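Structure record follows, encoded as structure tokens.
Number of protein chains: 4
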Amino acid sequence: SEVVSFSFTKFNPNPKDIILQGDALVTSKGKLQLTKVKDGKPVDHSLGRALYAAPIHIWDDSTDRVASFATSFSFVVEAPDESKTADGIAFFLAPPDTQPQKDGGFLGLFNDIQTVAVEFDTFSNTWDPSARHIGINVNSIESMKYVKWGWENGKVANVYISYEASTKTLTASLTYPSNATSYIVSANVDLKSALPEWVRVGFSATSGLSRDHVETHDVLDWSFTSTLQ
Amino acid sequence: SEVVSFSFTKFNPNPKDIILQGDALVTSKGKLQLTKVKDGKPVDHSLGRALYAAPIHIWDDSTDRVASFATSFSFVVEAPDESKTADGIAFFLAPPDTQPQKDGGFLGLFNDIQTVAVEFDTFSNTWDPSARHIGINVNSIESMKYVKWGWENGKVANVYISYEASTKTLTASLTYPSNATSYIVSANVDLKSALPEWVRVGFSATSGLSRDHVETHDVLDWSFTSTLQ
Amino acid sequence: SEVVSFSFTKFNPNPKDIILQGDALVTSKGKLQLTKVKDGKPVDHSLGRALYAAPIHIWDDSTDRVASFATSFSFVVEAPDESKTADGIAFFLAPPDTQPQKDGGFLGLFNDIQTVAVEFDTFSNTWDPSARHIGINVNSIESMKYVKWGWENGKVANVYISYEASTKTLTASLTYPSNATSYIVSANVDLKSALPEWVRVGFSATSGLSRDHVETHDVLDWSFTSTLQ
Amino acid sequence: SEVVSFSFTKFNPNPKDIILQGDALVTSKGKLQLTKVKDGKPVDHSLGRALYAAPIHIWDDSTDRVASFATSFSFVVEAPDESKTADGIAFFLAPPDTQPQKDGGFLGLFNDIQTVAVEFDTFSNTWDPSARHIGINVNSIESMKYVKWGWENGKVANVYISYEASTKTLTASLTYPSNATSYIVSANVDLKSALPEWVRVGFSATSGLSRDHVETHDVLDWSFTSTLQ
Ligand SMILES: [Ca+2]
Ligand SMILES: [Ca+2]
Ligand SMILES: [Ca+2]
Ligand SMILES: [Ca+2]
Ligand SMILES: [Mn+2]
Ligand SMILES: [Mn+2]
Ligand SMILES: [Mn+2]
Ligand SMILES: [Mn+2]
């Protein structure tokens, strides 16, 4: 058996165990700022990602084992105008050598790819439901499952995501501690069929392609654990 | 700081770190059977509870600190008839010397008491909403918050409950891995004002007061962690 | 499988998960003072013990499994005169209902009993080697194995004890961080043959039977973990 | 605060979170074989190293914090002739981009370098004590502290190493579960002055420079944890 685990109550401004991609950076105060901010205001056409340095062993072909993992993180999405926002933030697993994909609605993850993601989508694209949503995505920008999500501008969101290998169940929940509101969605996901044996895990986010569709995507903390046995 | 933690993948038929109360027992196969079963069938007028042996330090008056805790458990409620069921199961915190309260709709927790509970209610009493629900209860059998809960007869339910002291937020989620369905509810709960500094944590359950309102309440596993700092 | 774990960076003056026996108490500053102190000076004829509230499942007859456990703790033994000291402190496992045994050289553990202990002996009795020692004791005040121990008056000692079930090896080490000095001893110990399936773990200590053989026995912190699988 | 942790009960033959350097490889049966073996026999002039993929944050200049860490591992050194052996195995911390250094007595770590190591030396070089020893090395192949070590050919050794930042104490212990024999050594080590803020941790080993001074250096398991707060 193999157990892997880490916790950040904040991020180091010069992170060494975090692989920063695109526009992502850590602020002096220790906030993982995925998308660009200038003069304290979010900028459009931004894409940032952040992955944990050590690959995670999610399934083994020789031993026919699949990992179970659980992760918590808090995140803020703040937009100058509440009615106009894009695009969103996601937690994702992809091959270790994963690089940023397309911007805008593709969230830095997909294009037109072996990526499984839990997205917090703030803009309705062609492949989306009408309302903002939390989605479970399996190798597509189109979610297999989603729940409508009443996004609260600038309010801290607490996320908990778990994968139970014995039942192939991935579950994601978001709670706003400010008004004790919550949402949850689950899906049946076969990690062996969606991903390679080893992955890197982390976050991706992208601001809108227009000036009037901008917002921040900041991660405040992050704890993760995975066991393969 | 103080950290307390434990995990059970199953229960020992003669549990020594579990304080069994009322009808509760552990089966040969390691299932925490809270309410009575005879010839493999549930019996009415049953009340069972189970608490972890070591008290949990949830708040300290001298140091003005409050604990944050997280727990996972799976549980099955199986009734012979899907339309007629009572009463339910809960995870709860109460003073260390807590003893069983009233049966039936009171779930072994309340009467007519310092208990905070997350209930999975299967019967609509005077103080309930119409539908079966997951409730957050603060010193009352009446929930301060609840979510409608589509109970699945005999199907394993995976529960995750967390309390974040810095935001007084208690969140509870239930997922059925069989059809990837989930529910969640949150509430603002001040543990300092609801409970004493030290508590015992565990489960309580009660079958209905009539023969045609019977069901099992079995816990399959349980992991818990709490930190006071 | 079953995992049990706890950590104290200090102790609560009114401990609820600690069963205090004999003279043991927790000071305002959070120090587990096993033996009596008056006007800041140690008193003779004192015996104190402290156990964790939840029993530990160390072996299971039905499943033929034995637990592996690891514990860390720091402790100070301070005597007014460096040449005259008695008796010592130990970490021990005993049946859950264990009560204080004899005082003086018997360390509150033994008499003339199912107890396994790692002792830090400060006085040479009939059954001892000449020098102060760290001993591994299996149902006797006489150690099966020991190492000579250069006790440092008033200096913090860091202890690490591990039991590896697959090789029946119990290992104990003491280090004084003040001058980077260490000692270690191991023994082959069959827990199934020495102890019952369930035990309580903790510390015991006793000051000498004479006024000129007095010393403190204070525990500053304690972390413990055990897995049965 | 930041916590990092991992456990291996065995190694994956194609390790993805392990950076293999030099001759190091993982056998089919999951043994980290640091130095070369042909036809089941050790070969001379071999050097192998293995590091965990994610850097470890051991000290922070801005926050004046230093990490405390603890690690366990088992290892076998087997030589065809008990009287003729070289050179040894070590657990070490070095800059993230660390590469193999010199072979033979330099253990793959040093030359003639920012590396702190706990070595299990099997050959007496110019800079060594006479007997085989466990050494604590701080930026030199010459140990600042050591303890004589009765190496047992082919017998599993259980190692426990801890660093306590608050007292700058690094402690290392070796136990042979086969005959319940142990050794320990400690040293005062300032990690801030010896190493950079971020390091990679792992093992290095080297077989002798002659045919009659060959031995294996195999690691069987490994668990590690570090907290910066
Ligand atoms: Ca979208
Ligand atoms: Ca009800
Ligand atoms: Ca003695
Ligand atoms: Ca040497
Ligand atoms: Mn979407
Ligand atoms: Mn109700
Ligand atoms: Mn003795
Ligand atoms: Mn050497």
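Residue numbers (PDB author numbering), protein chains in the order written: chain C, 1 to 112, 117 to 233; chain E, 1 to 112, 117 to 233; chain G, 1 to 112, 117 to 233; chain W, 1 to 112, 117 to 233.
Using N, Cα and C, we set each Cβ at its ideal position, and we do this for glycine too.
Contacts with chain W (Cβ-Cβ distance below 9 angstroms) from the stretch 142-171 of chain G involve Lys149, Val151, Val160, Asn162, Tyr164, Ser166, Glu168, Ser170, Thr171, listed in chain order. Taking C-alpha positions only, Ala24/W is separated from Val77/W by approximately 15 angstroms. Taking a Cβ-Cβ threshold of 9 angstroms, the residues of chain W close to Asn192/G are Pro181, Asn183, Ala184, in chain order. Summarising the contact set, residues whose Cβ lies nearer than 5 angstroms to any heavy atom of ligand 4 are, in chain order, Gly105/W, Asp125/W, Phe127/W, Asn129/W, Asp132/W. Listed in chain order, the non-local C-beta contacts of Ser186/G below 6 angstroms within the same chain comprise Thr179, local neighbours out to five positions each way being set aside.
Chain-order list of chain C residues neighbouring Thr173/E: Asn162, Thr179, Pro181, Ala184, by C-beta distance under 8 angstroms. For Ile188/W, the residues of chain G that pass the 8 angstroms Cβ criterion are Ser177, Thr179, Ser186, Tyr187, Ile188, in the order they occur in the chain.
For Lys196/W, the enclosing alpha helix (DSSP H) begins and ends at 195-198. Taking 3 residues as the shortest admissible run, the stretch 123-168 of chain C contains the following complete beta strand (DSSP E) segments, listed from N- to C-terminal end: 137-142, 149-152, 161-168. Apart from the 5 residues on each side of it in sequence, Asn111/G sits with its Cβ closer than 8 angstroms to the Cβ of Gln101, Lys102 in its chain, given in chain order.
Of all residues in the stretch 201-233 of chain E, the ones placed with a Cβ closer than 7 angstroms to any Cβ belonging to chain G are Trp202, in chain order. The three-state secondary structure of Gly30/W, taken from DSSP, is coil.
Contacts with chain G at 8 angstroms (Cβ-Cβ) include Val3/E. Here the C-alpha atom of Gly40/W lies approximately 16 angstroms from the C-alpha atom of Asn157/W. From the beta-carbon of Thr9/G, the residues of chain E found nearer than 7 angstroms are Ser1. Assignment of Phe106/C by DSSP, reduced to helix, strand and coil, places it in the helix class.
The DSSP assignment places no complete run of the alpha helix (DSSP H) inside the stretch 56-91 of chain E (cut-off: 4 residues). Within the same chain, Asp23, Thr35, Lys36, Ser211 come within 6 angstroms of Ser46/G by CB-CB distance, once the 5 residues on both sides are set aside. For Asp64/C, the nearest beta carbon of chain W is not closer than 8 angstroms to its own beta carbon. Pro100/G is outside the set of residues whose beta carbon lies under 8 angstroms from a beta carbon in chain E. Within the same chain, and ignoring the five residues on either side of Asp216/W in sequence, the residues whose Cβ sits closer than 6 angstroms to its Cβ are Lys84. Relative to the Cα of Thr220/W, the nearest Cα in the group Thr173/W, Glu82/W, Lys149/W belongs to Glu82/W. Residue contact with chain W for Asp17/C: present (Cβ-Cβ distance below 8 angstroms to some residue of chain W). Annotation: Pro95/G has no Cβ neighbours in chain E at a cutoff of 8 angstroms; minimum Cβ distance is about 11 angstroms. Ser182/E sits away from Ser177/C, with the two beta carbons spaced by 8 angstroms or more. In this structure, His221/G has its beta carbon at no less than 7 angstroms from each heavy atom of ligand 8. In the DSSP assignment, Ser5/G falls within the beta strand (DSSP E) that extends over 2-8. With a threshold of 16 other beta carbon atoms within 10 Å, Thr130/G falls short and is exposed.
Three or more Cβ pairs drawn from the stretch 48-67 of chain E and the stretch 47-65 of chain G lie within less than 8 angstroms of each other, which places the two stretches in contact. Minimum Cα-Cα distance from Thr98/C among the listed residues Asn141/C, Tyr150/C, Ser147/C, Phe207/C corresponds to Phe207/C. Ranked by how close their Cα comes to the Cα of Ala209/E, the residues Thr9/E, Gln118/E, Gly88/E, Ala70/E have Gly88/E in first place.
DSSP places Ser170/G within a helical segment (H, G or I) once states are collapsed to three. Here the alpha carbons of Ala135/E and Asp44/E stand approximately 21 angstroms from one another. Residue environment for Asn14/G: exposed (fewer than 16 other C-beta atoms within 10 angstroms of its C-beta). At a Cβ-Cβ threshold of 8 angstroms, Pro96/G and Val203/G count as neighbours. Cβ-Cβ distances below 6 angstroms link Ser166/G to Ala70, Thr175 in the same chain, with the five nearest sequence neighbours on each side left out; the list follows chain order.
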